[PDB]
Amino acid sequence: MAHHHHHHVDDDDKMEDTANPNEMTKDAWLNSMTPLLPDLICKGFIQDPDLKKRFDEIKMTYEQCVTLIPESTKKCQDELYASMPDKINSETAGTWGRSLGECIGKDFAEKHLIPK
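Residues numbered from 1 in each chain as written, not as in the entry; some residues may be left out. Heavy atoms only, no water.

The record lists solution NMR as the method behind this PDB entry.

Some points on the nonpolar core
Core analysis: the largest hydrophobic core is formed by 24 residues, its most contacted members being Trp 29, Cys 65, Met 84, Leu 100 and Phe 108. Secondary-structure elements contributing two or more residues to this core are α1 (26-33), α2 (37-47), α4 (62-81) and α5 (90-113). Considering every element that reaches this core, the biggest residue donor is α5, with eight residues. Setting aside anything within four residues of it in sequence, one finds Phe 108 in contact with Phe 45, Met 60, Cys 65, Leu 68, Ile 69 and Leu 113. (Core = buried A, V, L, I, M, F, W, Y, C linked by side-chain atoms within 4.5 Å. Buried < 20%, exposed > 50% of the residue type's maximum accessible area, 1.4 Å probe, protein only. Helix = DSSP H or I, 4+ residues; strand = E, 2+ residues; numbered from the N terminus. Contact = heavy atoms within 4.5 Å.)

Some details on the state of the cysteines
Counted according to the given criterion, the structure contains two disulfides. Residue pairing for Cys 42: its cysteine sulfur links by disulfide to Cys 65, the two sulfurs lying 2.4 Å apart. With a gap of 23 residues between them, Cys 42 in helix α2 and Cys 65 in helix α4 connect regions that are remote in the sequence. Residue classification places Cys 65 among the buried positions, given a relative accessible area of 0%. What pairs with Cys 76 in a disulfide is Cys 103, and their sulfur atoms sit 2.4 Å apart. Residue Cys 76 is located in helix α4, and its partner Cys 103 is located in helix α5; the two are separated by 27 residues in the primary sequence. (Disulfide = S-S within 2.5 Å.)

Describing the packing of α2 against helix α3 (residues 49-57)
At their nearest, the axes of α2 and α3 sit 5 Å apart, and the two run at 105° to each other. With respect to α3, the element α2 is oriented roughly perpendicular. Between α2 and α3, the contacting residues are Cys 42, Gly 44, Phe 45, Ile 46 and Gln 47 on the first element and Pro 49, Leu 51, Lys 52 and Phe 55 on the second. Of the residues in the contact of α2 with α3, the class split is six nonpolar, two polar and one charged. (Axes fitted to C-alpha atoms, helices over the stretch in contact; angles between N-to-C directions. Parallel < 35°, antiparallel > 145°, perpendicular 65-115°, else oblique. Nonpolar A, V, L, I, M, F, W, Y, C, P; charged D, E, K, R; others polar.)

Some thoughts on α4
Under the 1.5 Å per step criterion, the end-to-end length of α4 is 27 Å for 20 residues, consistent within 8% with the ideal 28 Å. Along α4, the helix axis deviates most sharply at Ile 69, where the bend reaches about 30°; the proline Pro 70 sits within four residues downstream. For α4, every residue scored as buried is listed here: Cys 65, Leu 68, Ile 69, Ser 72, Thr 73, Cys 76, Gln 77 and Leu 80. The inward-facing, buried residues of α4 abut α1, α2, α3 and α5. (Expected span 1.5 Å × (residues − 1). Bend = angle between axes of the 7 residues up to and from the residue.)

Quick notes on the pattern of salt bridges
A full pass over the atoms with the stated rule returns five salt bridges. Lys 43 is the partner of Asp 39 in a salt bridge, and the nearest nitrogen-oxygen pair spans 2.7 Å. Remark: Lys 43 and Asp 39 occur in helix α2; sequence separation between them is four residues, near one turn of the helix. Look at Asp 39 and you get partly exposed, because its relative accessible area is 28%. The exposure class of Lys 43 is partly exposed, given its relative accessible area of 30%. The network of salt bridges with common partners includes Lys 75, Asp 107 and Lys 111. (Salt bridge = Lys/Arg side-chain N within 4 Å of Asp/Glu carboxyl O.)

Put into structure tokens, the structure is as follows:
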């Protein structure tokens, strides 16, 4: 901004642009979401005294959870991936994140928490 009447700009906006990831794409979101799920999923069975009942019944441990959860992370990923939009906003993340969580919490349970 130094020319009002005389505009002879053959070049401009050279350094005045940088594409920064405002939010994460559906793929990038999954990538940065999947391995963080095991952390929260196990805690879900620990924080809830209700759920902790079965957690201790099978003598299951935190580490045992996070080695199994990667099975369901990939599972529910492909589930919702088909329904997810191109890019995942912070708000969008929570919506689909809890969706992954509910899937996994069910998958993990029927697998090892259910002795049948």
